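The structure appears right after this line, and notes come after that.
Residue numbers start from 1 in every chain, and the chains themselves are labelled A, B, ... in the order their sequence lines are given, proteins ahead of strands.
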Amino acid sequence: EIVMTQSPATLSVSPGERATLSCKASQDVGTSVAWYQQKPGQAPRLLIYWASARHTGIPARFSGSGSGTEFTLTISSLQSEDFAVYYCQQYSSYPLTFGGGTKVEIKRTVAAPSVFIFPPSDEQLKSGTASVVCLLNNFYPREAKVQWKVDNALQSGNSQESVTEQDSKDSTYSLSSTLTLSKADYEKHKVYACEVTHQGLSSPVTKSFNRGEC
Amino acid sequence: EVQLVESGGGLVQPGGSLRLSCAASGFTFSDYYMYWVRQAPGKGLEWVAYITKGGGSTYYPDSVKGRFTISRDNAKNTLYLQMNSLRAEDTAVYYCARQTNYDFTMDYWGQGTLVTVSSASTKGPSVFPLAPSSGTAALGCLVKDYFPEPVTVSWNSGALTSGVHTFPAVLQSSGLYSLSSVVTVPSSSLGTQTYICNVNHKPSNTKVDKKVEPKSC
């Protein structure tokens with residue numbers, strides 16, 4: 001089969017600036033190459049066909065070029081709604097194949113997270129487990145450090161993080177970190193704290209609560 | 001409008017069988033060649049089955065040939081994928097896709113249906129409050145300990161959408177998923193506005209409405 005290789009696995013481009021994506025074929029595929037846009041949670045959408053023909057209803061800022069083995073998708077003035085994974089595809093000969101995709105992030109200005117901490121609910125505690133949740137809301141860039149402390153001890157290995165996909169509308173990320181303890185362990189300690197390090201904060205932000213206090 | 005609606009995806013034992021269906025509307029079905037394309041979680045696109053207009057011939061890649069059968073019924077607007085001898089690596093979202101007339105591209109896709117191949121048991125979530133604390137306040141619901149994916153979360157029956165973040169599920173070491181859904185709202189609303197998260201885990205037949213409010217102190 002003809003292998004399609006997409007060069008930068010990721011791209012981070014400021015809004016209004018030009019994004020250039022590369023797709024390389026292992027053999028000649030002429031101009032029988034298409035490009036698809038796939039936003040998180042959605043099906044792919046045909047963008048470009050015949051290497052350079054814009055599909056109907058696709059905005060003019062999307063253009064394709066190339067022939068033979070080297071192809072290029074250019075987004076001339078990257079808009080925030082263009083956050084997506086972009087896939088190329090050859091149909092020069094059977095079997096049709098896809099490239100591995102290039103993920104395009106919008107490089108907006110730095111935004112500090114708003115931080116919130118949530119104690120475990122009384123209802124969960126009846127189950128024998130305590131989940132403590134730390135939320136970092138609407139920040140950029142994606143890189144952030146979240147540290148849990150329980151009565152001054154850094155907790156490691158007993159939390160998990162989830163990060164949203166970049167928000168189309170404001171180009172930010174949000175992040176949840178969940179610290180899980182047994183009820184027995186939870187009730188043995190007093191001070192629960194989430195400390196957040198991020199480029200948009202002049203120094204780390206701590207949100208904390210004392211178990212059993214309000 | 002052209003529309004493709006997939007159905008039939010669910011949780012199946014390794015070695016088992018599943019049949020997917022795709023309902024087509026808004027175009028003359030028998031005029032078009034059709035695809036099934038799948039996408040493993042966090043991975044790329046892989047076509048897995050192709051059928052001609054009249055259904056006379058079928059084609060599959062090696063990863064799948066001998067196990068999948070694509071078929072169609074032009075009289076009742078439907079594409080099928082029969083999947084046998086399923087393996088863990090067949091776990092994916094499966095898309096129905098129409099081939100562009102007089103070309104080889106895919107110009108319309110369904111929303112996809114998730115197929116999970118696993119020996120893990122179906123289990124519905126518990127839903128716990130993330131209560132707003134002591135401007136902008138945040139609150140949410142913790143949707144914990146369920147399998148398989150997916151779960152849906154809305155707020156106030158869909159009336160509250162602004163400021164909502166429903167996080168991607170993360171697999172816990174128990175083999176169960178958990179996620180939170182949060183929303184930021186005006187602090188001034190906390191006494192007055194009701195906030196309810198509507199959780200539906202269709203695989204386990206688990207529907208929950210959870211009202212989330214400041215904790216009495």
Side-chain angles (χ1 to χ4, degrees), chain A residues 1-40 42-107 165-166, chain B residues 33 35 37-40 42-48 50 59 61-63 95 97-109:
Chain A
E1 99 280 38
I2 296 118
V3 176
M4 312 290 285
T5 298
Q6 291 183 250
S7 147
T10 60
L11 266 186
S12 177
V13 173
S14 293
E17 295 300 297
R18 152 170 293 148
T20 313
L21 287 70
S22 302
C23 173
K24 275 123 171 202
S26 60
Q27 325 169 11
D28 205 84
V29 294
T31 59
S32 296
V33 160
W35 291 87
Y36 298 83
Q37 182 194 59
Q38 188 184 34
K39 302 179 179 185
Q42 301 185 2
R45 170 169 329 287
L46 176 63
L47 279 194
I48 306 286
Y49 66 104
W50 200 243
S52 70
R54 227 184 311 124
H55 185 58
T56 42
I58 297 304
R61 63 177 175 283
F62 293 95
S63 69
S65 82
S67 64
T69 68
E70 299 247 13
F71 303 91
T72 285
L73 179 73
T74 302
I75 313 173
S76 70
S77 305
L78 187 63
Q79 300 297 304
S80 42
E81 78 193 73
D82 299 336
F83 165 70
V85 179
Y86 293 80
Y87 291 98
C88 65
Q89 169 192 79
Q90 70 91 21
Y91 48 97
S92 178
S93 45
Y94 182 96
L96 173 150
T97 50
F98 293 94
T102 290
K103 185 172 228 177
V104 177
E105 178 211 66
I106 285 88
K107 185 184 326 228
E165 300 281 350
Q166 189 173 44
Chain B
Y33 300 78
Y35 267 104
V37 180
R38 74 179 173 183
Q39 182 169 49
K43 309 299 163 178
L45 298 168
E46 175 184 29
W47 79 271
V48 289
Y50 179 84
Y59 311 79
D62 291 341
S63 59
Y95 293 101
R98 177 183 93 169
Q99 186 170 256
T100 303
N101 179 70
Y102 271 50
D103 213 340
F104 295 101
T105 58
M106 304 148 180
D107 64 344
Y108 281 90
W109 304 56

With sequence neighbours left out, write down each residue that passes side chain to side chain contact (heavy atoms under 4.5 Å, CB included) with B/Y59, or none if nothing qualifies.
-> A/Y94, B/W47, B/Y50, B/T52, B/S57
Without placing hydrogens or testing angles, list every side-chain donor-acceptor pair under 3.5 Å for residues 75-85 of chain A, not counting sequence neighbours.
residue, atom, partner, partner atom, Å
A/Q79, NE2, A/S77, O, 3.1
A/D82, OD1, A/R61, NH2, 2.8
A/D82, OD2, A/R61, NE, 2.8
A/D82, OD2, A/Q79, N, 2.9

Atom CG of B/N101 with >12 non-hydrogen neighbours under 6.0 angstrom = yes
Give the minimum heavy-atom separation between A/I48 and A/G64, together with the two atoms involved.
-> CD1-N, 4.0 Å
Hey, does B/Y35 have a side-chain heavy atom less than 4.5 Å from the side chain of A/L96?
-> yes
Write out all pairs satisfying disulfide bond (SG atoms under 2.5 Å apart) with one or both partners inside residues 42-79 of chain A, taking only residues at least two apart or from two chains.
-> none
Please round to the nearest 0.5 Å and tell me the distance separating atom CG of A/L46 and atom CD of A/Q89.
-> 8.0 Å
Here the salt bridge (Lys or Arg N to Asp or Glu O under 4.0 Å) pairs for residues 21-31 of chain A, sequence neighbours left out, are none
Here the pair of heavy atoms bringing A/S22 nearest to A/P8 is N-CD, 4.2 Å
For A/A51, the side chain to side chain contact (heavy atoms under 4.5 Å, CB included) test, sequence neighbours excluded, returns A/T31, A/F71
Would you list the pairs meeting salt bridge (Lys or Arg N to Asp or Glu O under 4.0 Å) in which at least one residue belongs to residues 83-102 of chain A, sequence neighbours left out?
-> none
Roughly how far apart are A/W35 CH2 and A/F62 CZ, rounded to 0.5 Å?
-> 12.0 Å
Distance, nearest 0.5 Å, that separates OG of A/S26 from CD of A/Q90 | 8.0 Å
Carefully, step by step, assess B/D103 and A/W50 under the rule side chain to side chain contact (heavy atoms under 4.5 Å, CB included).
-> CA-CA 10 Å; B/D103 213 340; A/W50 200 243; 5.8 Å; no
Using the test side chain to side chain contact (heavy atoms under 4.5 Å, CB included), find all partners of A/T72 that sit at least two apart in sequence or belong to another chain.
-> A/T20, A/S65, A/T74
Would you mind listing every salt bridge (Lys or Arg N to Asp or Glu O under 4.0 Å) that reaches into residues 91-101 of chain A, with sequence neighbours excluded?
-> none
With sequence neighbours excluded, residues passing salt bridge (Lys or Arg N to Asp or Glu O under 4.0 Å) with B/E46 = B/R38
Heavy atoms of A/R18 and A/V13 approach each other most closely as O-CG1, 3.7 Å
Between A/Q6 and A/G100, the two heavy atoms sitting closest are OE1-N, 3.5 Å
For B/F104, enumerate each residue passing the ring pair (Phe, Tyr, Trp, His ring centres under 6.0 Å) test, keeping only those at least two apart in sequence or located in another chain.
-> none
Taking all non-hydrogen atoms of both residues into account, name the closest pair between A/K39 and A/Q37 and its distance.
-> CE-OE1, 3.7 Å
Answer whether the closest heavy-atom distance between the side chains of A/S92 and A/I2 falls below 4.5 Å.
-> no
Nearest heavy-atom approach of B/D107 to B/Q99 is OD1-C, 4.0 Å
Partner set under ring pair (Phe, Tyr, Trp, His ring centres under 6.0 Å) for B/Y95, not counting sequence neighbours | B/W109
Do any pairs count as a salt bridge (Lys or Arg N to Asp or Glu O under 4.0 Å) and have a residue in residues 84-107 of chain A, sequence neighbours left out, and if so which ones?
-> A/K103-A/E165
Minimum side-chain heavy-atom gap A/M4-A/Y87 below 4.5 Å | no
Nearest-0.5 Å distance, OH of residue A/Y49 to OG1 of residue B/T100 | 9.0 Å
